[PDB]
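For reference, data_22.pdb (PDB, C-alpha atoms and all ligand atoms):
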```pdb
ATOM      1  CA  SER M   1      30.419-130.409  77.328  1.00  0.00           C
ATOM      2  CA  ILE M   2      27.578-127.947  76.564  1.00  0.00           C
ATOM      3  CA  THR M   3      30.316-126.014  74.841  1.00  0.00           C
ATOM      4  CA  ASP M   4      30.954-128.949  72.496  1.00  0.00           C
ATOM      5  CA  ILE M   5      27.304-128.781  71.361  1.00  0.00           C
ATOM      6  CA  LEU M   6      25.951-125.204  71.279  1.00  0.00           C
ATOM      7  CA  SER M   7      27.859-122.227  69.901  1.00  0.00           C
ATOM      8  CA  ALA M   8      29.136-119.792  72.535  1.00  0.00           C
ATOM      9  CA  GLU M   9      27.592-116.913  70.596  1.00  0.00           C
ATOM     10  CA  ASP M  10      24.116-118.458  70.650  1.00  0.00           C
ATOM     11  CA  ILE M  11      24.442-119.124  74.406  1.00  0.00           C
ATOM     12  CA  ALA M  12      25.519-115.464  74.906  1.00  0.00           C
ATOM     13  CA  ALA M  13      22.512-114.287  72.835  1.00  0.00           C
ATOM     14  CA  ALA M  14      20.115-116.469  74.855  1.00  0.00           C
ATOM     15  CA  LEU M  15      21.375-115.070  78.173  1.00  0.00           C
ATOM     16  CA  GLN M  16      21.263-111.514  76.834  1.00  0.00           C
ATOM     17  CA  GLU M  17      17.608-111.995  75.855  1.00  0.00           C
ATOM     18  CA  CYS M  18      16.609-112.934  79.437  1.00  0.00           C
ATOM     19  CA  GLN M  19      18.936-110.589  81.389  1.00  0.00           C
ATOM     20  CA  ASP M  20      16.140-108.819  83.315  1.00  0.00           C
ATOM     21  CA  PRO M  21      14.277-110.824  85.986  1.00  0.00           C
ATOM     22  CA  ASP M  22      11.001-112.475  84.921  1.00  0.00           C
ATOM     23  CA  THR M  23      11.833-112.312  81.208  1.00  0.00           C
ATOM     24  CA  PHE M  24      13.005-115.937  80.879  1.00  0.00           C
ATOM     25  CA  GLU M  25      10.642-117.940  78.651  1.00  0.00           C
ATOM     26  CA  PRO M  26      11.548-121.577  78.032  1.00  0.00           C
ATOM     27  CA  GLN M  27      10.591-121.566  74.344  1.00  0.00           C
ATOM     28  CA  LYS M  28      12.568-118.401  73.589  1.00  0.00           C
ATOM     29  CA  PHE M  29      15.648-119.679  75.384  1.00  0.00           C
ATOM     30  CA  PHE M  30      15.521-123.007  73.544  1.00  0.00           C
ATOM     31  CA  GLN M  31      15.159-121.240  70.165  1.00  0.00           C
ATOM     32  CA  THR M  32      17.826-118.552  70.636  1.00  0.00           C
ATOM     33  CA  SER M  33      20.360-120.933  72.163  1.00  0.00           C
ATOM     34  CA  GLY M  34      19.904-123.373  69.269  1.00  0.00           C
ATOM     35  CA  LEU M  35      18.793-126.236  71.553  1.00  0.00           C
ATOM     36  CA  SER M  36      15.501-126.611  69.660  1.00  0.00           C
ATOM     37  CA  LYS M  37      17.414-127.520  66.476  1.00  0.00           C
ATOM     38  CA  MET M  38      19.535-130.298  68.033  1.00  0.00           C
ATOM     39  CA  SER M  39      19.075-134.068  67.676  1.00  0.00           C
ATOM     40  CA  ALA M  40      17.743-136.227  70.534  1.00  0.00           C
ATOM     41  CA  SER M  41      21.269-137.487  71.350  1.00  0.00           C
ATOM     42  CA  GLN M  42      22.603-133.913  71.676  1.00  0.00           C
ATOM     43  CA  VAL M  43      19.640-132.802  73.788  1.00  0.00           C
ATOM     44  CA  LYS M  44      20.267-135.795  76.106  1.00  0.00           C
ATOM     45  CA  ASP M  45      23.946-134.787  76.521  1.00  0.00           C
ATOM     46  CA  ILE M  46      22.779-131.293  77.549  1.00  0.00           C
ATOM     47  CA  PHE M  47      20.216-132.815  79.966  1.00  0.00           C
ATOM     48  CA  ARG M  48      23.023-134.789  81.656  1.00  0.00           C
ATOM     49  CA  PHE M  49      25.035-131.585  82.259  1.00  0.00           C
ATOM     50  CA  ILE M  50      22.023-129.839  83.819  1.00  0.00           C
ATOM     51  CA  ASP M  51      21.156-132.788  86.108  1.00  0.00           C
ATOM     52  CA  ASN M  52      23.768-131.754  88.691  1.00  0.00           C
ATOM     53  CA  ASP M  53      23.032-134.578  91.177  1.00  0.00           C
ATOM     54  CA  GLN M  54      22.740-137.327  88.518  1.00  0.00           C
ATOM     55  CA  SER M  55      19.281-138.294  89.775  1.00  0.00           C
ATOM     56  CA  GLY M  56      17.993-138.647  86.197  1.00  0.00           C
ATOM     57  CA  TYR M  57      15.559-135.757  86.697  1.00  0.00           C
ATOM     58  CA  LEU M  58      15.752-131.974  86.938  1.00  0.00           C
ATOM     59  CA  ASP M  59      14.185-130.638  90.148  1.00  0.00           C
ATOM     60  CA  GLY M  60      14.697-128.349  93.103  1.00  0.00           C
ATOM     61  CA  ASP M  61      17.794-126.197  92.923  1.00  0.00           C
ATOM     62  CA  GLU M  62      18.654-127.497  89.429  1.00  0.00           C
ATOM     63  CA  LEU M  63      15.900-125.253  88.030  1.00  0.00           C
ATOM     64  CA  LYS M  64      17.036-122.165  89.976  1.00  0.00           C
ATOM     65  CA  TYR M  65      20.569-122.656  88.657  1.00  0.00           C
ATOM     66  CA  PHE M  66      19.578-123.607  85.101  1.00  0.00           C
ATOM     67  CA  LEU M  67      21.251-120.614  83.387  1.00  0.00           C
ATOM     68  CA  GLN M  68      24.370-121.092  85.499  1.00  0.00           C
ATOM     69  CA  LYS M  69      25.092-124.333  83.657  1.00  0.00           C
ATOM     70  CA  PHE M  70      25.482-122.271  80.453  1.00  0.00           C
ATOM     71  CA  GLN M  71      27.690-119.566  82.010  1.00  0.00           C
ATOM     72  CA  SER M  72      28.657-119.806  85.667  1.00  0.00           C
ATOM     73  CA  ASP M  73      28.087-116.052  86.258  1.00  0.00           C
ATOM     74  CA  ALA M  74      24.509-116.045  84.906  1.00  0.00           C
ATOM     75  CA  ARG M  75      21.673-114.971  87.177  1.00  0.00           C
ATOM     76  CA  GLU M  76      19.490-117.336  89.176  1.00  0.00           C
ATOM     77  CA  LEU M  77      15.977-117.908  87.804  1.00  0.00           C
ATOM     78  CA  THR M  78      13.164-116.394  89.919  1.00  0.00           C
ATOM     79  CA  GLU M  79      10.564-118.603  91.646  1.00  0.00           C
ATOM     80  CA  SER M  80       8.101-117.571  88.925  1.00  0.00           C
ATOM     81  CA  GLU M  81      10.560-118.572  86.181  1.00  0.00           C
ATOM     82  CA  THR M  82      11.261-121.961  87.760  1.00  0.00           C
ATOM     83  CA  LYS M  83       7.502-122.592  87.929  1.00  0.00           C
ATOM     84  CA  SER M  84       7.238-121.677  84.206  1.00  0.00           C
ATOM     85  CA  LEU M  85       9.879-124.270  83.393  1.00  0.00           C
ATOM     86  CA  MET M  86       8.032-126.979  85.383  1.00  0.00           C
ATOM     87  CA  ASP M  87       4.674-125.985  83.845  1.00  0.00           C
ATOM     88  CA  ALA M  88       6.234-126.216  80.363  1.00  0.00           C
ATOM     89  CA  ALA M  89       7.710-129.663  80.897  1.00  0.00           C
ATOM     90  CA  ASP M  90       5.911-131.828  83.452  1.00  0.00           C
ATOM     91  CA  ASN M  91       3.391-134.274  81.997  1.00  0.00           C
ATOM     92  CA  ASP M  92       3.232-136.974  84.694  1.00  0.00           C
ATOM     93  CA  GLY M  93       2.468-134.927  87.848  1.00  0.00           C
ATOM     94  CA  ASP M  94       5.661-135.834  89.741  1.00  0.00           C
ATOM     95  CA  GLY M  95       7.073-132.300  90.005  1.00  0.00           C
ATOM     96  CA  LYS M  96      10.376-133.156  88.257  1.00  0.00           C
ATOM     97  CA  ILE M  97      11.597-133.150  84.652  1.00  0.00           C
ATOM     98  CA  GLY M  98      12.641-136.501  83.211  1.00  0.00           C
ATOM     99  CA  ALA M  99      14.865-136.793  80.112  1.00  0.00           C
ATOM    100  CA  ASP M 100      11.809-137.658  77.936  1.00  0.00           C
ATOM    101  CA  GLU M 101       9.929-134.599  79.158  1.00  0.00           C
ATOM    102  CA  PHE M 102      12.993-132.443  78.500  1.00  0.00           C
ATOM    103  CA  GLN M 103      13.197-133.701  74.889  1.00  0.00           C
ATOM    104  CA  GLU M 104       9.486-133.011  74.322  1.00  0.00           C
ATOM    105  CA  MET M 105       9.748-129.495  75.764  1.00  0.00           C
ATOM    106  CA  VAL M 106      12.856-128.507  73.784  1.00  0.00           C
ATOM    107  CA  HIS M 107      11.339-129.595  70.474  1.00  0.00           C
ATOM    108  CA  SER M 108       7.973-127.865  71.108  1.00  0.00           C
TER     109      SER M 108
HETATM  110 CA    CA N   1      18.008-130.561  63.648  1.00  0.00          CA
HETATM  111 CA    CA N   2      18.693-133.985  89.439  1.00  0.00          CA
HETATM  112 CA    CA N   3      29.854-114.290  81.664  1.00  0.00          CA
HETATM  113 CA    CA N   4       7.676-135.337  85.367  1.00  0.00          CA
END
```

Let me see whether you can do it: turn the structure in this file into structure tokens.
Amino acid sequence: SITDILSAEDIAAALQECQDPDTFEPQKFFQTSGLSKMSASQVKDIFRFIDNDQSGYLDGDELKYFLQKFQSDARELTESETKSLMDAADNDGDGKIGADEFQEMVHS
């Protein structure tokens, strides 16, 4: 589980940092949560928990509910914040985030 990989305190800190709407920034979240320090294998396990429909890609509602995978009572991302996530990750113009793209974004 995500819980088996990141510390609960770092997750709590990351959510605290982006409590107000339109303050989520991918890079800050990945740093505060500790995701940017994890190995490729650990980042892939997190990717699998976020990919709710097991399509192999993050898209649609999975972006809006991104924080909710870390704590089920977290807020939804705004449309602007979901666009920031896609802008940060997409490199092949398909409008979805593959596992490779996720790894590259997290480690940036
Ligand atoms: Ca490391
Ligand atoms: Ca998916
Ligand atoms: Ca909570
Ligand atoms: Ca893509």

Could you tell me, as a PyMOL selection string, exactly which residues end up selected when the PyMOL selection byres (((chain M and resi 67) around 10) and not hetatm) is applied to this structure?
chain M and resi 11+14-15+18+24+29+50+62-66+68-77

Expressed in Å to a single decimal, how great is the separation between atom CA of residue M:31 and atom CA of residue M:5?
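Between atom CA of residue M:31 and atom CA of residue M:5 the gap is 14.3 Å.
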
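Put simply, atom CA of residue M:85 is 11.4 Å away from atom CA of residue M:30.
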
Just want the residues within 6 Å of ligand CA 4 (chain N), written as a PDB file with C-alpha atoms, in the frame of the given file, counting all atoms listed in the file.
```pdb
ATOM      1  CA  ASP M  90       5.911-131.828  83.452  1.00  0.00           C
ATOM      2  CA  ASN M  91       3.391-134.274  81.997  1.00  0.00           C
ATOM      3  CA  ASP M  92       3.232-136.974  84.694  1.00  0.00           C
ATOM      4  CA  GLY M  93       2.468-134.927  87.848  1.00  0.00           C
ATOM      5  CA  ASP M  94       5.661-135.834  89.741  1.00  0.00           C
ATOM      6  CA  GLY M  95       7.073-132.300  90.005  1.00  0.00           C
ATOM      7  CA  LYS M  96      10.376-133.156  88.257  1.00  0.00           C
ATOM      8  CA  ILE M  97      11.597-133.150  84.652  1.00  0.00           C
ATOM      9  CA  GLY M  98      12.641-136.501  83.211  1.00  0.00           C
TER      10      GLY M  98
END
```

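In this model, the gap between atom CA of residue M:13 and atom CA of residue M:59 comes to 25.2 Å.
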
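Using the PyMOL selection byres (((chain M and resi 34) around 12) and not hetatm) on this structure selects residues 2, 5, 6, 7, 8, 9, 10, 11, 12, 13, 14, 27, 28, 29, 30, 31, 32, 33, 35, 36, 37, 38, 39, 42, 43, 46, 106 and 107 of chain M.
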
Pull C-alpha atoms from the residues just selected and write them as a PDB file, in the frame of the given file.
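Written output follows (part39.pdb):
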```pdb
ATOM      1  CA  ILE M   2      27.578-127.947  76.564  1.00  0.00           C
ATOM      2  CA  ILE M   5      27.304-128.781  71.361  1.00  0.00           C
ATOM      3  CA  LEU M   6      25.951-125.204  71.279  1.00  0.00           C
ATOM      4  CA  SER M   7      27.859-122.227  69.901  1.00  0.00           C
ATOM      5  CA  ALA M   8      29.136-119.792  72.535  1.00  0.00           C
ATOM      6  CA  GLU M   9      27.592-116.913  70.596  1.00  0.00           C
ATOM      7  CA  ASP M  10      24.116-118.458  70.650  1.00  0.00           C
ATOM      8  CA  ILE M  11      24.442-119.124  74.406  1.00  0.00           C
ATOM      9  CA  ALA M  12      25.519-115.464  74.906  1.00  0.00           C
ATOM     10  CA  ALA M  13      22.512-114.287  72.835  1.00  0.00           C
ATOM     11  CA  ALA M  14      20.115-116.469  74.855  1.00  0.00           C
ATOM     12  CA  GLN M  27      10.591-121.566  74.344  1.00  0.00           C
ATOM     13  CA  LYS M  28      12.568-118.401  73.589  1.00  0.00           C
ATOM     14  CA  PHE M  29      15.648-119.679  75.384  1.00  0.00           C
ATOM     15  CA  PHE M  30      15.521-123.007  73.544  1.00  0.00           C
ATOM     16  CA  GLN M  31      15.159-121.240  70.165  1.00  0.00           C
ATOM     17  CA  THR M  32      17.826-118.552  70.636  1.00  0.00           C
ATOM     18  CA  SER M  33      20.360-120.933  72.163  1.00  0.00           C
ATOM     19  CA  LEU M  35      18.793-126.236  71.553  1.00  0.00           C
ATOM     20  CA  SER M  36      15.501-126.611  69.660  1.00  0.00           C
ATOM     21  CA  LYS M  37      17.414-127.520  66.476  1.00  0.00           C
ATOM     22  CA  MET M  38      19.535-130.298  68.033  1.00  0.00           C
ATOM     23  CA  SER M  39      19.075-134.068  67.676  1.00  0.00           C
ATOM     24  CA  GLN M  42      22.603-133.913  71.676  1.00  0.00           C
ATOM     25  CA  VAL M  43      19.640-132.802  73.788  1.00  0.00           C
ATOM     26  CA  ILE M  46      22.779-131.293  77.549  1.00  0.00           C
ATOM     27  CA  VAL M 106      12.856-128.507  73.784  1.00  0.00           C
ATOM     28  CA  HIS M 107      11.339-129.595  70.474  1.00  0.00           C
TER      29      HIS M 107
END
```

Counting all atoms listed in the file, what residues are within 7 Å of ligand CA 2 (chain N), given as a PyMOL selection string?
chain M and resi 51-59+62

Judged by only C-alpha atoms and all ligand atoms, the minimum distance to ligand CA 1 (chain N) among M:103, M:40, M:1, M:22 is found for M:40

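With distances taken over only C-alpha atoms, M:99 is the one residue among M:25, M:3, M:99, M:79 lying closest to residue M:48.
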
Set up a box along x, y and z of the file covering all listed atoms of stretch 70-77 of chain M, add 4 Å on every one of the six sides, and write the centre and edge lengths in Å to one decimal, as lines of an AutoDock Vina configuration file.
```
center_x = 22.3
center_y = -118.6
center_z = 84.8
size_x = 20.7
size_y = 15.3
size_z = 16.7
```

Counting all atoms listed in the file, the option among M:41, M:102, M:78, M:60 closest to ligand CA 1 (chain N)
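The answer is M:41, which sits nearest to ligand CA 1 (chain N).
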
Smallest atom-to-atom distance to ligand CA 3 (chain N): which of M:23, M:16, M:47, M:104, using only C-alpha atoms and all ligand atoms?
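Closest candidate: M:16.
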